[PDB]
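Following: one structure in structure tokens, then a few remarks.
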Ligand SMILES: Cc1cc2nc3c(=O)[nH]c(=O)nc-3n(C[C@H](O)[C@H](O)[C@H](O)COP(=O)(O)OP(=O)(O)OC[C@H]3O[C@@H](n4cnc5c(N)ncnc54)[C@H](O)[C@@H]3O)c2cc1C
């Protein structure tokens, strides 16, 4: 049968939801393409989510393009394992060209093509779409004295179960949905403190993450009609009152302080005299984009982000970034929201590559 094409039209780097949704749209084109994903099997970063994690909206509101997420038969929003299974079944449905396990090291512009390199294995492509997520680049803010702290430090990226924290005094740093959920779970076994940059904001009890998607969509539509609305703010990471978080609220757990000033050997200290000893800190302080494979090109800013117009990289030809965060399209880092930019990305790749008869 035919060899792999010496030049692929498109390489997609990654194999999670964003890559798959991009693959869905590429399948209605005539372009040759290939997905390269570093893990042994399907599931993207959901493989690394903590054991109890569930989505903040129902299945219907957590679907990527095409085949929708099966409704769970047990009560509650889809679990981590539900998402993994969804993605696994979605790949089985469409038989996308995916190679695993392939860790892309770099991307090199050579002659007017992209050379994509994973160790020994290299491919050439006319276009490269990066959809590598964020989980592999946990971010911790640069607080003084962290190196001195003698208790446990872990990022949420590495959290799985609350067991080893039981009976301890634990600080959760970071708001949003992740902070609130991790805090809620830790508080069931440990004495907790929550640190957030701003006072946390909660959605009403009767609503779900579809509200956050609406807000996102309203923002991009305004960014694109008569563009305005600084007031009110987006509240784009207001907290959804998922069951464990609603239970935490009843126990008085959802109260936060503003950031401390430094770490000591035994805990933290604020500029105003607050001083708190801690056995462990769980950093729910977010992530940077997983763009190490673009560093040699020089496009990754001090931010860790890259200058883009929607998903198109500004400084370089025929490169797109899909699904990383609002900075690559409002709501693009969610199951429901990635579709809009995966779709428009595929159209832009077509526009760049299709040739007259
Ligand atoms: C704790 C948590 C809770 C969340 N809750 C929700 C929710 O309730 N609802 C919702 O819609 N979204 C939620 N999200 C957000 C978003 O949907 C997830 O972050 C999701 O994993 C993003 O999918 P992605 O495809 O962009 O990235 P990923 O799932 O990270 O997929 C990227 C894939 O590319 C691979 N890869 C990375 N670098 C390379 C490389 N160099 N070469 C080859 N492969 C590479 C990765 O290993 C991975 O398999 C949550 C995220 C987190 C962290």
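Assorted remarks:
- Residues (at positive phi, out of contact with any helix residue (DSSP H, G or I) (no Cβ under 6 Å at 6 or more places or on another chain) and surrounded by 14 or more Cβ atoms within 10 Å (Cβ to Cβ)) located in segment 57-78: none
- Here segment 95-112 is the region considered, the condition is being part of a loop (DSSP other than H, G, I, E, B) and within 14 Å of the ligand (Cβ to nearest atom), and the residue that is farthest from residue 35 (Cα to Cα) is 105.
- Pairs, first touching a residue at least 60 places away in the same chain (Cβ under 8 Å) in segment 146-160, second away from the ligand (no atom under 16 Å from the Cβ) and part of a strand (DSSP E or B), C-beta under 6 Å, six or more apart: 146/263; 148/263; 149/263; 151/280; 152/280; 153/281
- The single condition among (1) in a strand (DSSP E or B); (2) under 30 Å from residue 320 (Cα atoms); (3) touching a residue at least 24 places away in the same chain (Cβ under 8 Å) that residue 115 does not meet is (3).
- Residues considered: 270, 283. Of these, the only one that is at negative phi and surrounded by fewer than 20 Cβ atoms within 10 Å (Cβ to Cβ) is 270.
- Complete set of residues in segment 11-26 that are touching a strand residue (DSSP E or B) at 6+ places or on another chain (Cβ under 7 Å) and either assigned to a helix (DSSP H, G or I) or without any contact (Cβ under 8 Å) to a residue 12 or more places away in the chain (or both): 19, 22, 23, 26
- Within segment 27-40, tally of residues that are in a loop (DSSP other than H, G, I, E, B) and either under 18 Å from the mean Cα position of the chain (by Cα) or near the ligand (Cβ under 6 Å from one of its atoms) (or both): 3
- Among the residues of segment 118-136, those identified as touching a residue at least 24 places away in the same chain (Cβ under 8 Å), surrounded by fewer than 20 Cβ atoms within 10 Å (Cβ to Cβ) and more than 20 Å from residue 31 (Cα to Cα) are 118, 135, 136.
- The strands (runs of 3 or more DSSP E) found entirely in segment 150-219 that carry 1 or more residues being more than 20 Å from the chain's Cα centre (by Cα) and surrounded by fewer than 16 Cβ atoms within 10 Å (Cβ to Cβ) are 152-155, 191-195.
- Which listed residue is over 25 Å from residue 236 (Cβ atoms), buried (at least 21 other Cβ atoms within 10 Å of the Cβ) and more than 19 Å from the chain's Cα centre (by Cα), from 319, 294: 319
- Filter pass, residue 338 being within 13 Å of the ligand (Cβ to nearest atom) and buried (at least 18 other Cβ atoms within 10 Å of the Cβ): yes
Read the figures in this text as sums done on the coordinates, not as results from a lab. Every residue, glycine as well, gets a Cβ built from its backbone with ideal geometry; the counts of neighbours run over all protein chains shown.
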